[PDB]
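What follows is one structure encoded as structure tokens, with my remarks underneath.
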Amino acid sequence: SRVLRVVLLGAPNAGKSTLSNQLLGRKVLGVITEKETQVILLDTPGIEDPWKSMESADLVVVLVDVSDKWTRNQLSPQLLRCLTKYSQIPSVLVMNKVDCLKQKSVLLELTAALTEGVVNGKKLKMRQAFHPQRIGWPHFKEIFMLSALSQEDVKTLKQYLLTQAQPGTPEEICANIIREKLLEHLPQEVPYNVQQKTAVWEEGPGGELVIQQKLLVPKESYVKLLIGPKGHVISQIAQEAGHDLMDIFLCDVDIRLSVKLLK
Amino acid sequence: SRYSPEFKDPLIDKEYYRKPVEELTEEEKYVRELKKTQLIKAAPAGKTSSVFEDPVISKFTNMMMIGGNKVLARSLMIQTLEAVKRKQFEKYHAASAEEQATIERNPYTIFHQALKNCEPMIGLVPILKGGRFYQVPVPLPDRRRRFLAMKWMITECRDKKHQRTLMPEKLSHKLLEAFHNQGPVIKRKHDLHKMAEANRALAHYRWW
RNA sequence: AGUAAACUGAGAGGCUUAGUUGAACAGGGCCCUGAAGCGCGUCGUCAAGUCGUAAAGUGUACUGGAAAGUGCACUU
Ligand SMILES: [Mg+2]
Ligand SMILES: [Mg+2]
């Protein structure tokens, strides 16, 4: 039996949660068991929790968003401190959201900047033209270039991680799905200010799951945004939410969404 | 080109045309009917319907050509095949009863397996940005690796360290070395596989 | 592609024409016009230049870590 504790570090919106979900194969600490290997992924908040996770880490996966022009050119100082104090733990660089890059050859230069020209103890000599606060981390064991959103080559990282292993409520679910749909469809802060209240949850005469959920908001403009033109917006949400539920509980579900102002 | 865009390449395969109408799929049937309408180019000097035709040996001969001298290139190729055949017969006649079952005497099998043993799987492609060409590992296509095996064999046989040893004898010896996973060409394949593992930093660029 | 390379002839007296043999490679993206689409965007100052340069809001109260912040009430 082989086990590997891997901790995900990086910027807030570097996609750590997305990559963890893709590795797990489900949108959810996570455990990936395959044959005789067990990989424990520890998702940490973006930059006390990351350091405490490092205290029990066998491998570190440093995610960098290449699409973000502001932060792609350097590793954040706190991340560099984290790696320096735990230099003994192996670290692997993952350049996420490559699909968003228009000119992807840029990646190459970024590597030289992020790895300081050294990877896995070997220098990255590169044909050289015609003749202090650290910016990178020269002790990365390996480099990956992937896009977690499209699952592009996440399988390669999964197989790599498997290789480095060393011998050794339903109402809540429905609320989470509705929250996801609200986030996807509603603008700005509105989906963060919607309170949900389960009104009816029962089994109908035909074996279906009859759900009536109430969407409470503090403002009338939020009600208008929720209902949308001619009731389209809310309607769309319900159907999509219902469709997701079709796959989660494996039955027929009649979900009805009603919007009321918080008094 | 003196040919119009309309003209299509000919298909010299002889067993393709004898395929019975019954085995024809609707798609293959449609292709057969479509070729009836098209204009076809004259078959070039070279490939024929002969059963001894071998495209790989033809390409090797063309790659040994210098100055359009095809007679000499083919003469060298047939001399090499004859030398391989004679050396294997020599080794077979001097071998024990139990070593004779594992001695290959067909020069074509030896040539094909020797070239297959020299094909690389990975290579390096330079890419341009920042003023610095970047050497990224790349999985070679089948055409590229088949070409590289032949090019390495011919360059190894053209080395000037082989003073007055005639090309057929050098090439037969090199082919028989590569048949057994030995020689400088196998080492040149290994030194590229190691120099591509030494540079796995840029190992995932998929858009060379 | 009869292309590169190799080899012959004819001329006007380094240049013009006629032949023979005859390859290898043949994949990714741009500059720039072409084809359209979205957005943005609609500068300041001492005496004018003989100057320089490219969730969000509205009120009110307090503000002694005020290049504006917080508190209370409202609007989309
Ligand atoms: Mg204050
Ligand atoms: Mg205020």
Side-chain angles (χ1 to χ4, degrees), chain A residues 12-13 69 98-109 145 152 187 191 218 228-229, chain B residues 1-10 40-48 54-77 115 119-120 122-158 167 202 204-208:
Chain A
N13 197 228
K69 293 183 181 186
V98 298
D99 56 297
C100 296
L101 284 180
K102 186 265 185 182
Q103 181 60 254
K104 284 172 47 62
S105 60
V106 172
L107 292 163
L108 300 171
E109 280 76 6
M145 305 148 176
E152 190 177 2
Chain B
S1 178
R2 179 65 179 86
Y3 280 110
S4 311
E6 304 176 4
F7 279 85
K8 309 302 184 187
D9 264 10
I40 313 296
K41 299 185 181 198
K47 168 155 217 182
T48 57
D54 194 359
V56 183
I57 285 177
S58 303
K59 210 70 173 177
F60 199 93
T61 303
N62 286 347
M63 284 174 69
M64 278 184 315
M65 185 180 288
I66 295 166
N69 199 5
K70 206 165 212 169
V71 175
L72 178 60
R74 174 142 187 77
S75 174
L76 294 170
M77 188 65 208
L115 285 186
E119 302 186 4
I122 296 92
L124 307 181
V125 160
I127 296 170
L128 178 52
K129 181 169 178 288
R132 296 190 295 269
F133 293 78
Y134 302 127
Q135 310 313 302
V136 301
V138 63
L140 295 173
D142 189 358
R143 312 178 311 277
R144 185 57 181 160
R145 63 182 293 165
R146 263 193 290 141
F147 175 92
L148 285 177
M150 286 156 154
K151 182 68 177 176
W152 292 345
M153 190 67 67
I154 299 167
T155 298
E156 179 58 39
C157 293
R158 286 173 178 181
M167 179 85 193
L202 283 47
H204 208 55
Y205 203 88
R206 293 144 274 163
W207 316 278
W208 51 90

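In what follows, chains are A, B, ... by sequence order, proteins preceding strands, each numbered from 1. What's counted below: heavy atoms across the whole structure, side chains too, no hydrogens, waters or symmetry copies.
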> Which residue pairs pass the side chain to side chain donor-acceptor pair (under 3.5 Å) test with at least one member in residues 128-141 of chain B, sequence neighbours excluded?
Replying inline: A:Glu109-B:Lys129, A:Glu109-B:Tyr134, B:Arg132-B:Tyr134
> Would C:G49 and C:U50 count as a stacked step, six-ring centres under 5.5 angstrom and planes under 30 degrees apart?
Replying inline: no
> With rounding to whole Å, what would you report as the distance between C:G41 and C:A48 at their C1' atoms?
Replying inline: 28 Å
>> Would you measure the distance from the P atom in C:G71 across to the matching atom in C:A66 and give it in whole Å?
In response: 15 Å
> If you look only at pairs with a residue in residues 55-71 of chain B, which of them pass as a side chain to side chain donor-acceptor pair (under 3.5 Å), with sequence neighbours excluded?
Replying inline: B:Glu53-B:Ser58
> With a 4.5 Å limit on heavy-atom distance, are the side chains of B:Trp207 and A:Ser105 in contact?
Replying inline: no
> What does nucleotides 2-7 of chain C look like as a protein-contact string, B for base, S for sugar-phosphate only, - for none, at under 4.0 angstrom between heavy atoms?
Replying inline: S--BS-
>> Taking side-chain contact (heavy atoms from CB on, under 4.5 Å) as the definition, give me every residue that meets it alongside B:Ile122, ordered by chain and number, with sequence neighbours left out.
In response: B:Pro137, B:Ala196
> Taking for each residue the nucleotide of RNA chain C with the nearest heavy atom, is it B:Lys70 or A:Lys102 whose nucleotide lies nearer the 5' end?
Replying inline: B:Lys70
>> Please report the distance, rounded to the nearest Å, between NZ in B:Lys129 and P in C:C30.
In response: 14 Å
> So, are C:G52 and C:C43 a pair, meaning Watson-Crick or G-U wobble with each of the two distances under 3.5 Å?
Replying inline: yes
> If you measure from CD1 on B:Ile57 to CZ on B:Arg74, what distance do you get to the nearest 0.5 Å?
Replying inline: 8.0 Å
> Does the side chain of B:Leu115 come within less than 4.5 Å of B:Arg146's, by heavy atoms?
Replying inline: no
> Glycosidic conformation of C:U50, syn or anti, with 90° from 0 as the boundary?
Replying inline: syn
> Rounded to whole angstroms, how far apart are CG on B:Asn69 and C1' on C:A23?
Replying inline: 12 Å
> Do B:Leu140 and B:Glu119 come close enough that some side-chain heavy atom pair is under 4.5 Å?
Replying inline: no
> Rounding to the closest angstrom, what is the interatomic distance between C:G29 and C:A24 at atom P?
Replying inline: 27 Å
> Heavy atom of residues 134-153 of chain B under 4.0 Å from RNA chain C: which residues?
Replying inline: B:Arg143, B:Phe147
> So, do B:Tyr205 and B:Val138 sit near enough that their side-chain heavy atoms are less than 4.5 Å apart?
Replying inline: no
> Any idea if C:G29 is syn or anti, going by the 90°-from-0 cut?
Replying inline: anti
> Please give, in whole Å, the distance from C:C30 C1' to B:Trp207 CH2?
Replying inline: 18 Å
> Taking 3.5 Å as the limit for both distances, would C:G44 and C:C51 pass as Watson-Crick or G-U wobble partners?
Replying inline: yes
>> My understanding is that only residues two or more places apart in sequence, or in another chain, count here; which of them pass side-chain contact (heavy atoms from CB on, under 4.5 Å) with B:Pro139?
In response: B:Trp208
>> If I read the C1'-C2'-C3'-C4' torsion for C:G27, does it come out on the north side (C3'-endo) or the south side (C2'-endo)?
In response: north
> How far, in whole Å, is C:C30 from C:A10 if one measures between their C1' atoms?
Replying inline: 49 Å
>> How many whole angstroms separate atom NZ of B:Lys47 from atom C1' of C:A23?
In response: 18 Å
>> Going strictly by the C1'-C2'-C3'-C4' torsion (positive north, negative south), how would you label C:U16?
In response: north
> Taking the P atom of each, how far is C:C51 from C:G65, in whole Å?
Replying inline: 43 Å
>> Working to the nearest 0.5 angstrom, can you tell me the gap between A:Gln103 CD and A:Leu101 CG?
In response: 9.0 Å
> Taking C1'-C2'-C3'-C4' positive as north and negative as south, where does C:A67 sit?
Replying inline: south
> Say you pick atom P in C:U20 and the same atom in C:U3; how far apart are they, in whole Å?
Replying inline: 11 Å
> Rounded to whole angstroms, how far apart are CD on A:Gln103 and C1' on C:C31?
Replying inline: 12 Å
> Are the six-membered base rings of C:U33 and C:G34 less than 5.5 Å apart at their centres, with planes tilted under 30 degrees?
Replying inline: no
> What integer distance in Å separates B:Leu128:CG from C:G29:P?
Replying inline: 16 Å
> Expressed as a whole number of Å, how far does the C1' atom of C:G2 sit from that of C:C7?
Replying inline: 16 Å
> How far does the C1' atom of C:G44 sit from the matching atom of C:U53, given to the nearest Å?
Replying inline: 9 Å
>> Using whole Å, what does the distance between atom P of nucleotide C:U21 and atom CE of B:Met64 come to?
In response: 21 Å
> Who does C:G22 pair with, Watson-Crick or G-U, both distances under 3.5 Å?
Replying inline: none
> Please give, in whole Å, the distance from C:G29 P to B:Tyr205 OH?
Replying inline: 10 Å
> Are C:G19 and C:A18 stacked, with six-ring centres under 5.5 Å and planes under 30°?
Replying inline: yes
>> Parallel, tilted or perpendicular: which one describes the rings of B:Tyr3 and B:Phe7, with boundaries at 30° and 60°?
In response: tilted
